[PDB]
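In the block that follows, a single chain appears as structure tokens, in the form deposited in one PDB entry.
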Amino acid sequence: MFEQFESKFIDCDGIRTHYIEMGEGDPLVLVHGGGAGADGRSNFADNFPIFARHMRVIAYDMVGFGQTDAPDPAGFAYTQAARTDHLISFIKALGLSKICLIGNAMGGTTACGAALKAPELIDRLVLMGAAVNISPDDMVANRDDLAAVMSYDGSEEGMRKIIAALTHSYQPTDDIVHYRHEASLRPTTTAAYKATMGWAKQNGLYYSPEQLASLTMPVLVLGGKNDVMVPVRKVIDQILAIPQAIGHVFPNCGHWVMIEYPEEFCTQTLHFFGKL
């Protein structure tokens, strides 16, 4: 699946990193979520052609996901810092500067991490249902709704349950479910995933109010009102914690704004990027 895009690979400080790209013009990097079996292609396949009409759009796979290396967790710590450094390494490896950057959930954590740590690489930032203020205590309190993703049972029904959790009223195709299930079944990513999620569960996915206020570039914060992974009040706290942030909230919409309301997602981000 997704063979309409040419898989490319590049070395990021020894992590061999998969990505796709389309279009031309200024760079836009998209960072996928951390649910089981997720990657750039599957997260952003519908948005890619819209974005490609205006920008050079790039989706990569995070360390531990997709077709990027998933180093053995016997010797590799799957921490948020590892993701953030991977993203930074990716951006430099492609020779990119002043990028537009969108991150979904754990991808939002990672996009926000890079914006904080390597601001000189990023002109504009979009956080979409970004896990940037989910503390360990929040992981405990929201445990029931987070279970589908964070303690994924490895099965096919489990993958349908993940997708029904991430969305308000979306029926995925049998093909998307199969694609993600198959991806999730591979031993190396099953292992990297348990490490990723075990860390997240005890350290949360979190920056402090002061860190969030320290962002130096324009920010757009997006959220589905019905999101159960990063609830709307957490997205609202992000809008208020980041002084320069624009906030947009989508009704009748779960975590996956970009799949549930693809056209609306691209219009708002493209508008914010100065392209419409």
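Whichever C-alpha set is largest while still superposing within 1.5 Å between the two forms counts as the rigid core. The first residue of the sequence shown is number 1, and the count goes up from there.
Query raised in the report: Would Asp144 be found without coordinates in at least a third of the other compared entries?
Result: Looking at the other entries that model residues on either side of it, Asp144 is missing from at least a third.
Query raised in the report: Which of the two stretches, 135-143 or 75-83, shows the higher mean Cα temperature factor in the record?
Result: So the stretch with the higher mean C-alpha B-factor is 135-143.
Query raised in the report: Given the B-factors recorded for C-alpha atoms, which segment has the greater mean, 125-133 or 95-103?
Result: For C-alpha atoms only, the mean B-factor is higher in 95-103.
Report task. Sorting the chain's modelled residues by C-alpha B-factor, tell me whether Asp237 ends up in the lowest, middle or highest third. Result -> According to the entry, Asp237 has a C-alpha B-factor in the chain's middle third.
Requested in this report: Sorting the chain's modelled residues by C-alpha B-factor, tell me whether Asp227 ends up in the lowest, middle or highest third.
Outcome: According to the entry, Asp227 has a C-alpha B-factor in the chain's middle third.
Query raised in the report: Which third, lowest, middle or highest, does the CA B-factor of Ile88 fall in along this chain?
Result: Middle third of the chain for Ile88's C-alpha B-factor.
Query raised in the report: Taking the C-alpha B-factors as the PDB entry records them, is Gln244 in the lowest, middle or highest third of its chain?
Result: It belongs to the middle third of the chain when residues are ordered by C-alpha B-factor.
Query raised in the report: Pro209's Cα B-factor: lowest, middle or highest third of the chain?
Result: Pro209: CA B-factor falls in the highest third of its chain.
Omitted from view is the form deposited in another entry, to which the following refers.
**Report entry** 2 Å-or-more CA mover between this form and the one not shown, where superposition uses the core and the choices are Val149, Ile134, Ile122, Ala200
**Finding:** One residue passes the 2 Å cut-off, namely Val149.
Report task. Inspect the rigid-core superposition and answer whether the C-alpha of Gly158 shifts by 2 angstroms or more between this form and the one not shown. Result -> It does shift by 2 Å or more.
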